[PDB]
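Structural characterization, general
The chain contents come next:
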Amino acid sequence: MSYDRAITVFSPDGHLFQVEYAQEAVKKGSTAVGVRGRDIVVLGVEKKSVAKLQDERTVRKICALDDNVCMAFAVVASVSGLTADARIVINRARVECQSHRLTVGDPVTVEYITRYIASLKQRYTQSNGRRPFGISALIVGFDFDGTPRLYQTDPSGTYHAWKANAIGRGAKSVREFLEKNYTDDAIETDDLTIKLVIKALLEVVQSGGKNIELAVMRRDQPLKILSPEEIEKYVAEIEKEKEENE
Amino acid sequence: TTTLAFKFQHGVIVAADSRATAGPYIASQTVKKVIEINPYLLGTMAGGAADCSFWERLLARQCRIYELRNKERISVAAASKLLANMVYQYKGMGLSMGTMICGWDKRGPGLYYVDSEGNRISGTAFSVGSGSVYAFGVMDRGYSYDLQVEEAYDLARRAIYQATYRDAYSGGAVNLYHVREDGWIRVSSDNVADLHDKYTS
Amino acid sequence: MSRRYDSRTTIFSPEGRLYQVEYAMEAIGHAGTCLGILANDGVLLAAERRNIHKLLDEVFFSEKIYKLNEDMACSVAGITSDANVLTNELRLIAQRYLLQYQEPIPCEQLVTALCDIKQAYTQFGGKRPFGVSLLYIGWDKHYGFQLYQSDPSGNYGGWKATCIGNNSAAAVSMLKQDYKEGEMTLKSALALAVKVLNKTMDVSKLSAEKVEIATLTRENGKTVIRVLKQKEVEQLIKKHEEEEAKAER
Amino acid sequence: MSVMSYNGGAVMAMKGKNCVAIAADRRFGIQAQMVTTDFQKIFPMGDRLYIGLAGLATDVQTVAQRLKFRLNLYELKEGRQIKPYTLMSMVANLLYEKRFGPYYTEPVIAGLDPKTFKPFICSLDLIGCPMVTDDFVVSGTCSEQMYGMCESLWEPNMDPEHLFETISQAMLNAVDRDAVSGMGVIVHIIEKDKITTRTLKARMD
Amino acid sequence: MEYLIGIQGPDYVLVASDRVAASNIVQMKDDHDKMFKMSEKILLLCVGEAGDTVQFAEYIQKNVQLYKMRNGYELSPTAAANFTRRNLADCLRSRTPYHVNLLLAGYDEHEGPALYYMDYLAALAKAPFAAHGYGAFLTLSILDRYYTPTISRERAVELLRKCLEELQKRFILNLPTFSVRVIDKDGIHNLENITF
Amino acid sequence: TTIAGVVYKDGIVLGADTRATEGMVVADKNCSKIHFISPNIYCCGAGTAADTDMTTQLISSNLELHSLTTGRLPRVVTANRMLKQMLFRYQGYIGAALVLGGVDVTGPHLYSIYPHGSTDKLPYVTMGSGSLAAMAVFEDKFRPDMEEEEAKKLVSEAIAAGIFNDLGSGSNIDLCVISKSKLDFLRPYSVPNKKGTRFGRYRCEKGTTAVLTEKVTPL
Amino acid sequence: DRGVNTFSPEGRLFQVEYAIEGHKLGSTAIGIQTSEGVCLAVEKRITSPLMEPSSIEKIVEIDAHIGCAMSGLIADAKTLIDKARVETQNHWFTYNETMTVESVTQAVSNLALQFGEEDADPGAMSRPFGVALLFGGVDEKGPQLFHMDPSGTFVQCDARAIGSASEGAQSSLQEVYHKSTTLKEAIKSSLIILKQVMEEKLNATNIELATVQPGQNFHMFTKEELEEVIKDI
Amino acid sequence: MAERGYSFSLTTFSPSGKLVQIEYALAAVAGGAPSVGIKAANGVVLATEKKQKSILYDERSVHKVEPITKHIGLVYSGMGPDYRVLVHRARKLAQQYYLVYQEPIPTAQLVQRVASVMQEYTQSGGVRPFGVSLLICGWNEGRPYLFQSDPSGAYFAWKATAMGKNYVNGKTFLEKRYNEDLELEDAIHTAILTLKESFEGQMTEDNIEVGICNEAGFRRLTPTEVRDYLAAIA
Amino acid sequence: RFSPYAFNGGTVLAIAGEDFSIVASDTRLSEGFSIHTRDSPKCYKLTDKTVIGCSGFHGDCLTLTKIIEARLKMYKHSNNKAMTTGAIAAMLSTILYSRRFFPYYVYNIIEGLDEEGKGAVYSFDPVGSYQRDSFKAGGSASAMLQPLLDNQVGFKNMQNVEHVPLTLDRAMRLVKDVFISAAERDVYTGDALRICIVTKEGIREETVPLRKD
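Summarised in this report is the structure supplied together with it. (Residues numbered from 1 in each chain as written, not as in the entry; some residues may be left out. Chains lettered and ligands numbered in written order. Part of a larger assembly, values for the part shown. Heavy atoms only, no water.)

Scanning chain A from N- to C-terminus turns up 7 helices and 10 strands. Relative to the 2.2 N^0.38 estimate, which gives 18 Å for 246 residues, the radius of gyration of chain A is 18 Å and therefore close to what a compact globule would have. For chain A, buried positions account for 67% of its 246 residues. Taking the contacts inside chain A whose residues are at least 6 apart along the sequence as the reference set, 66% of them involve residues at least 24 apart. Surface accessibility of chain A: about 7,900 Å² in total, with carbon and sulfur atoms responsible for 48%. (Helix = DSSP H or I, 4+ residues; strand = E, 2+ residues; numbered from the N terminus. Rg over C-alpha atoms; globule rule 2.2 N^0.38 Å. Buried < 20%, exposed > 50% of the residue type's maximum accessible area, 1.4 Å probe, protein only. Contact = heavy atoms within 4.5 Å. Areas by Shrake-Rupley, 256 points an atom, 1.4 Å probe, with all protein chains shown as cover.)

Quick look at the packing of aromatic side chains now. The geometry of an aromatic ring pair comes down to the distance between the two centres and the angle between the two planes. For the coordinates displayed, the defined rule picks out 39 aromatic pairs over all chains. Ring centres of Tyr161 of chain B and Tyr165 of chain B lie 5.4 Å apart, and the angle between their planes is 65°; on these two criteria the pair is classed as edge-to-face. With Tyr161 of chain B and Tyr165 of chain B both in helix α4 (residues 151-168) and 4 residues apart, this pair spans about one turn of that helix. Overall, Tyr161 of chain B belongs to the buried group, its relative accessible area being 1%. Residue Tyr165 of chain B is classed as buried on the basis of its relative accessible area, which comes to 8%. These aromatic residues form a ring-pair network of at least three members: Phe6, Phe8, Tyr134, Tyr145, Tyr161, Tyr165 and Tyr169 of chain B. One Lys or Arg, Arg101 of chain A, reaches over the ring of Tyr67 of chain E and ends 4.5 Å from the middle of that ring. Over the ring of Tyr145 of chain H we find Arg80 of chain D, and its NZ or CZ is 3.9 Å from the ring centre. (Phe/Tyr/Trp six-rings, centres within 6.5 Å; stacked < 30°, edge-to-face > 60°. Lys NZ or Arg CZ within 6 Å of the ring centre and 35° of its normal.)

Moving on: a positive patch on the surface. All names here are of chain C. A cluster of basic side chains, namely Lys187, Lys239, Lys246 and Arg249, defines a positive patch on the protein surface. Here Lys187 shows up in helix α6 (residues 186-200). Residue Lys187 is classed as partly exposed on the basis of its relative accessible area of 43%. (Patch = residues over 30% accessible without salt bridge, like charges linked within 9 Å, V, L, I, M, F, W, Y side chains within 5 Å. Salt bridge = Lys/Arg side-chain N within 4 Å of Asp/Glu carboxyl O. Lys, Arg positive; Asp, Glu negative; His and termini not counted. Charge placed at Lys NZ, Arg CZ, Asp CG, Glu CD.)

With that settled, the discussion passes to the interface of chain F and chain H. Each partner contributes residues to the interface: chain F has 11 residues there, and chain H has 10 residues. In this assembly, chain F packs against chain H so that about 930 Å² is buried in total across both faces, 54% of it on carbon and sulfur atoms. Connecting chain F to chain H are 1 salt bridge. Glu66 of chain H is the partner of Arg72 of chain F in a salt bridge, and the nearest nitrogen-oxygen pair spans 3.8 Å. At the junction of chain F with chain H, the criterion picks out 3 residue pairs in polar contact. (Buried area = accessible area lost by both parts, 1.4 Å probe. Polar contact = N/O pair within 3.5 Å; in protein donor to acceptor, adjacent residues only side chain to side chain.)

This part covers the pattern of salt bridges. With the rule as written, the count across this model stands at 93 salt bridges over all chains. Across the pair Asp125 of chain D and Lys29 of chain F runs a salt bridge, and its minimum N-O distance is 3.2 Å. You can see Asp125 of chain D sitting in strand β6 (residues 121-125) and its partner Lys29 of chain F sitting in strand β4 (residues 26-29), one on each of two chains. Classification of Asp125 of chain D by relative accessible area gives buried; the value is 0%. Judged by relative accessible area, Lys29 of chain F falls into the buried class, the value being 1%. A salt bridge links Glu66 of chain H to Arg84 of chain H, with the nearest nitrogen and oxygen atoms 3.9 Å apart. Here the residue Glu66 of chain H occupies a position in strand β3 (residues 65-69), and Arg84 of chain H occupies one in helix α2 (residues 80-101), the gap between them amounting to 18 residues.

Attention now goes to the sheet that holds strand β6 (residues 156-158) of chain C. Residues and elements named next belong to chain C. Taking strand neighbours across the sheet as the criterion, the 4 strands line up as β3-β4-β5-β6 in an open arrangement whose pairing is antiparallel. Strand pairing shows two members of the sheet lacking a second neighbour, β3 (72-77) and β6, which therefore form its edges. Neighbouring strand axes in the sheet, compared pairwise and without regard to direction, differ in orientation by 20° on average. Sheet topology places strand β5 (residues 144-150) next to β6; 3 bridges connect them, and they run antiparallel. Each residue of the ladder has a partner; that of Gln149, found in β6, is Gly157. Running over the sheet, helix α4 (residues 107-123) touches β3, β4 (133-140), β5 and β6 and is turned about 15° from β5. (Pairing = 2+ DSSP bridges. Axes fitted to C-alpha atoms, helices over the stretch in contact; angles between N-to-C directions.)

A regular strand places its side chains so that they alternate between the two faces of the sheet. Residues and elements named next belong to chain F. Taken across its 6 residues, strand β2 (residues 13-18) has 6 buried, putting it largely inside the fold. Inspection of the sheet shows strand β1 (residues 4-6) paired to β2 by 3 bridges, in the antiparallel sense. Within the sheet, the bridge partner assigned to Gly5 lies in β2 and is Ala16. Taking the residues that link successive antiparallel strands as the turn, the β1-β2 hairpin has 6 residues. Looking at chain direction, β2 and strand β10 (residues 173-179) are connected through 6 bridges and run antiparallel. The residue of β10 that forms the bridge with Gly15 is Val177.

Residues and elements named next belong to chain F. By secondary structure assignment, the location of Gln85 is in helix α2 (residues 77-91). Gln85 gets classed as buried once you look at its relative accessible area, which sits at 18%. Here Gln85 is in contact with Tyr114, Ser118, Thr119 and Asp120, once residues within four sequence places are set aside.

Quick look at the arrangement of the chains now. In this structure chain A stays clear of chain F, and the shortest span between their C-alpha atoms is 29 Å. The least C-alpha distance between chain B and chain F, which are not in contact, is 27 Å.

Moving on, we come to the nonpolar core. Residues and elements named next belong to chain H. If you look at the biggest cluster of nonpolar residues, it comprises 88 residues, and the most contacted ones within it are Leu134 and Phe147. It is α2 that contributes the most residues to this core, 10 residues altogether. In contact with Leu134, not counting residues within four places along its chain, are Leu74, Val75, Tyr76, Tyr83, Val114, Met118, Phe147, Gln148, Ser149 and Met163. (Core = buried A, V, L, I, M, F, W, Y, C linked by side-chain atoms within 4.5 Å.)

Turning to the side chain of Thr48 of chain F, a few remarks are in order. All names here are of chain F. Mapped onto the fold, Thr48 is located in strand β6 (residues 43-48). Polar side-chain contacts of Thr48 include one of 3.4 Å to the backbone nitrogen of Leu98. With residues near it in sequence (within four places) discarded, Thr48 still touches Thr1, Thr2, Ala96, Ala97, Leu98, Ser129 and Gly130.

Turning to the state of the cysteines, a few remarks are in order. A full pass over the atoms with the stated rule returns 0 disulfides over all chains. Of the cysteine sulfurs around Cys34 of chain C, a residue in no disulfide, the closest is that of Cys163 of chain C, at 7.2 Å. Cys44 of chain F provides the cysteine sulfur closest to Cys43 of chain F, a residue in no disulfide bond, and the two sulfurs are 8.6 Å apart. The exposure class of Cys43 of chain F is buried, given its relative accessible area of 3%. (Disulfide = S-S within 2.5 Å.)

Right, let's get into the sheet that holds strand β6 (residues 110-117) of chain B. Residues and elements named next belong to chain B. Pairing in this open sheet of 3 strands is antiparallel, and the strands run β5-β6-β7 from one edge to the other. Each edge of the open sheet is held by one strand with a lone partner, namely β5 (100-107) and β7 (122-123). Here 2 bridges tie β6 to β7, and the two strands are oriented antiparallel to one another. Bridging across to β7, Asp115 finds its partner in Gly123. Each of β5, β6 and β7 touches helix α2 (residues 78-92); the most contacted strand, β6, lies at about 15° to it.

So, about helix α1 (residues 52-73) of chain E. Spanning 22 residues, α1 of chain E covers 33 Å between terminal C-alpha atoms, matching the ideal 32 Å at 1.5 Å per step. Following α1 of chain E by one or two positions, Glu74 of chain E adopts a phi angle in the positive range, close to 65°. (Expected span 1.5 Å × (residues − 1).)

Our next topic: the interface of chain C and chain A. Between chain C and chain A, the contact holds 41 residues from the first and 40 residues from the second. A combined buried area of about 3,600 Å² lies between chain C and chain A, and 56% of that area is made up of carbon and sulfur atoms. Of all residues in chain C, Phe12, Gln123 and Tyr156 of chain C bury the most surface against chain A, accounting for 19% of the area lost on that side. Along the contact surface separating chain C from chain A lie 2 salt bridges.

Turning our eyes to something else, we now look at the packing of helix α6 (residues 190-204) of chain A against helix α7 (residues 228-245) of chain A. All names here are of chain A. Running from N to C, α6 and α7 point in directions that differ by 80°, and their axes come no closer than 10 Å. On the basis of the axis angle, α6 is roughly perpendicular to α7. Here α6 contributes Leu192, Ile194, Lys195, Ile198, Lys199, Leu202 and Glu203 to the contact with α7, which in turn contributes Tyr234, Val235, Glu237, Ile238, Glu239, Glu241, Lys242 and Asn245. Among the residues making up the contact of α6 with α7, the classes are represented as 7 nonpolar, 1 polar and 7 charged. (Parallel < 35°, antiparallel > 145°, perpendicular 65-115°, else oblique. Nonpolar A, V, L, I, M, F, W, Y, C, P; charged D, E, K, R; others polar.)

We now examine the pairing of strand β9 (residues 197-202) of chain D. Residues and elements named next belong to chain D. A large share of β9 lies buried, amounting to 5 of its 6 residues. Sheet analysis places strand β8 (residues 187-192) next to β9, joined by 6 bridges and oriented antiparallel. The residue of β9 that forms the bridge with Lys192 is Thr197.

Right, here's the structure in full:
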């Protein structure tokens, strides 16, 4: 195209500006936590900002890229949802997942999607008159193995696998409380893994079951996005467990 | 259902059986050759007929899968090799065709065998073969073949099949290249001549 | 030359917003009231008709009520200019989906196709985003009745009741106060919408020249998209107006 | 709306004109050539739901072409209030068909319609590569279009009752299935009026 | 083109569909263990039938498309909607250089009427129906159902209709076909039915 | 099939045509106008295969419209010839259209006959459709090669009437289109040579030969 | 204002001088060519035990007998590696044998500098990448270690270090590492040098080693192998 | 012959939340010639000032008042060059429509088409919007129609509208002088009066152009016919 | 094989015998395009290094197009791979041409006879559709079996001991070459003038013209 005006140009600081501007926008808010289980991986976002008049059924902030790959996203500002920005990454990733499954008869792994996120951010960098998305995605899924995985990506396009991680509103603070909660029993019992996601989200700001939405994946079976009614019952049971340990 | 690269499944291995042949079936252009090529150590395949065509499609199959397997650190399956070959070849069609490769690997749902031909047929069966003269062969073999044959037990099965096959067959200047594939490895049992095995057995 | 002129409004800010979307956000607020409420037998839209003169042709059905499909309809808050190109594009997309699927298009499916385009402008290209925020109303098989809102980068949210435009905070709070998550029927639902428009708008008795209200109602298994005429609207105004009169006493 | 070939997917339309109305009969069958196994699937579309165009023969080209035309119809319908006339659609169809090369869409159109909401009747039939003809007499259309026109010109008093007409046109269909072999069984009549669609089910062999 | 063998008998207690495993190139059978009904989704099926090669080809693309709607909508896609979308996709491929006639066989769960089968002709024509055959065989089986019809037919009676056909198929038909996969589908899972 | 002629006379241009428009030798329609009126200035006669002729006139009419408005010159028949030759080449010489373009420039009235060839053909006086030579042959015969306007108008009408008589394909009304460059007098009935016999007697029937079990209006 | 495309009176481009600095930001990688084989060592430098240490990678395969350690922005390098995978197997289709360290490295380097910020095609770079790659393998010719720069200057090395310690480490290698030092000793040399840039001591979860040795394909060292070199440093 | 084009941000939103370019374009049309359109409901009449301020202009074929097609016309106000490309473009759309349908393009349909063009000029960079306001007229499908399209890419429906210099006074004089359910003759008379209320003073028949629109078509009258009208009005 | 239509014929017959490091390639000394032979001089054989000698024959139009190309592929290979032309050059070129000629059917059999740049001798045979194989006998042309046999019987020594009881030496192969060419004229009637045998070594190119007997 005609637009080739600079938006990204390299720094002597050894960085790309947009990527760093994005990284702080995931520091400042939109808590998304993920834990990896032993049959099931669960990811959760807190905030859809259900003010008790909004719809909860059709709103998606966790989107299924595939039936064995799902991502939960975050990056926030004053323009609070960057759902739009995510929605591009979501649509291109959706076709690519399906596409990989047509060509290669193994079910697409999270490791393929994570390299694909690293190249999309980069490609936008090299092209003239174009800028990296602000998103960070917690890519969840199942391989050829049928092994549950949770991988996390950053706005630069670098990926690591992690058993349990928290990002948003102090990434390290939510993760270090959650670090005690990650035990051998917790990862084994599937039901305990669902609680682990919810239990982390509660540390930043407590209560709300409508604000919290989490999606669950079991084996290579399709994504199931849980009802808010299921969440409310779960936060009530989590709050009593905190009093029991302590 | 036809020769030139043929495979039949067992639990322990698959049998890989192939011909060394040059040109059409009317004369050879060489005598020394092995047309058997190792694209990956996942298994061996090699054909004949329309020579450029078999080599071309397998070479694409080999490129895609090998890069994906090697970089990702995830082993590619029977299903994946077959899907790459299939997708490529229909597109390329109208630029000669005659690919006859037999795909093997062991998967999460157990051992899987798919037969890849240049029509666009993708088949699992007792024994399948793509190329030409094995079409006759699948008839006698099925009788003497169990669902699960051991490797040693399978080697003896090949030797008898062949030894009668040379008597019936009138194609000369061939070798039977015998390979057993134990999964994501490929080893060569023996590369015995078709003329030798009639005397032995 | 060229970069210098480029104000770098396409740049990300550290906070995690796009300058353009934020400036577009203000363009929606200047402009008139567009509110949508969910009801249990149909769904209704109420939009501010801003074309009052005594010499009006009415060459269009309405200049803010747009029937995008033969199963969707929408209302506008923002700029008429952006609204006209956009409204046409919304029609090709709604209509192609109708061809393939042959069932009414989700309100969610309808905001997302456009979103890519909105986002494209803002991030790069140095192209303005569209100055309108659209309230789409529809019924689709899967969820039943739904309302969807789109913003200037295509940020979407499913809402039972929402309002954007002039005195957006006032309209949405008021409507939040009486109604919370789908407590009313189609009859009562028109009477609230006109009531909200009444308070927000400078004319505090309204007529049918001041308001234009559109209904989308599911009858005999098929979605009917109708822009209500001036005659039907006056009846709805007298019902809310009378309800206000009792309130005082 | 429009299709490829003429009887290679069945479908036959005949119209008789009434002062008030137009009556149209067509079989309600479907499936390629001779076989007309299944009976639930349409050929006639509505282009105002008081104006129709029907193209008749193969179902694939019937649904692909009909839908792709509907998108453009619709955009015009919403834009200008006065939804496109009879006359506008015949010409639109002529231009849309000629435009293709690959899988040539040669329909034999029957337009069945009073114009807009107004009470002025039209019936027309077009040729395979369907250049438009204005007429207000009577229309029969199909592979053997000229046979249905002849007979449609001969049957009426002048303009029988709408009631009388559903019965005539149903009988016109019944004799014609015997004359071809590419269609047969099941008959649907759409009496197309200026404010209503009366759908009537005629007796089948 | 029609010279396969499918039958699908729709009822709302079950839907029984059967097909032969008999994809034959040359003189012998390449598939004779592979199933001829493909899984688009766990409650949805497409049965592709035509030429041997063209069958495998139609399914893989289609499989991606069904799943994708499931993801997009965040519920199971509408049956009506899928069946029409599978008709647009087969007509689009028809334009493309390789001409493909494909008989598709839609099994879906719809909001009504119950378990449902939506029927697809080699005129590339989507049609709602009850009582269908695919292949050259469609012509005789549709007719047998027509003498004795029931569309709420119990499983025992389904076996009787089947058996009068199976003996006929063995001696009068050019498909003696002793290799068949027969399945009866309830609304939750695939159950395997007796094969004669 | 069709019988069309247009003439260059001592006045302006008179087009003569039989009604019927046929898809081959069989009538698709027995109503409308074969000689078509376009913009005010341009009239075109049509002949040969129906499908190729109507559409060619229509497409050129858009092109000619653009050229007329911008240039603000009245349409030239040589100009009209070049546009049909270029368009028909674009298509690749598919179908049969013998086309009669006739328009009045500021000079004389000018008439051309373009066959499907994609030629640059200058007539003297021409008739089209059927066989180009066969129709053209008449002009040499009845016209002395210029006579007064009124005498010429009866002459074309008489020659065209003979082709209608000799060749039964043309049927119904004979239309004469008197074309200037803003005046288009479309005289439906110059001569009616033939018409049908009244369809007074029915072939209607009561329901007892076919019946109806429905009368309902869906919503 | 002035552009970034311009040459300075120093006689170098601005964008490129910044890109070298980008190499300096990241983690250190050591690639040593020994004649017994080529070892590549990289620091994990994990700060959390919740991470799974296998999936922190900074050694990725160009080929099935060539391994590559990369330094500077981890993300920026990954694209170059993606394009490299397609070329090595492509090379197998055409030549009918596997790609060499030299052939792959010169082809990626052409792309490294192409930059035109305005009025240049979107299928070409607006800015150069700030990554230094170390391509280390043994191929048909023998053990070779080639070094690639973000300036698109490729050169053959025997011992090269890149990352934060790049100048310091490179000097220090020239000293210990020679061609009178065996392969296992190369692994010991790299480990000592690694520690200043690292925040902690050397461990088997804080190094990742992979050696490609003659007659063998690329092997990723297992936990036992990492631990044997940890014992004696 | 080597360029890629430039697209830059002066065409993106300011902090005020309104578009910097649109306000300036509206200023260009205000500076223009006054133009009134009145729908009679017996035909549409459009009047503009013929003059360009020197009357050494031939204008017997060059007009401000141009037919697009058989019964739809545009009258403009604002910029002359920008209008010239819009006249030419508008025709091209009309004929495209003419090929498919056989009827000439409706005023309702035509404006949306034109509106896309106005939009490209605003939204992309390295261009600027057209500074021409259009009065679009037609009589088709049994009703006469008048549309307005302003330079931004908005289209508005009016039954009597005034433009240019003293656009405000024209709208009020129209409200006052013209009433509903009057005839075509009355409409023609009122437009020349709105132009009197909208730049005042001396008129000749080479200072005004009046064109009448019916299903017979749009025509701009000859200099003589316009002269007779002048004498009627005050 | 195929009877010249797709591309012009130019006759000629190629025999190839590999020993262990000496390989003889023979083809007739003629340039044809028409039934008559234009000139005895030819440039069918082209040498790229002393390491590799290529022979393209048959249709003259094919012969010039591919042989020059092979010189280009050699240049590219020395630069990038850093292996001098030889075996490696040979495998690569046969794939790209054989795609090019085989939809519109192949009328040239190029034969790369060389030593690898690491050593070991290869003699490579395409049908005309991509295959490369190492051989110790080769017959190539329409008569793609007429020479093959002599090399199978004499070189391999399978049911033969009277050409050598083992396998041929350098002295022995050159003696046999003159004999084989004299024989060919008798059977194959598509030759005129002279037969040229080039013997390719890693250490000596040899050329000899031999009159048609």
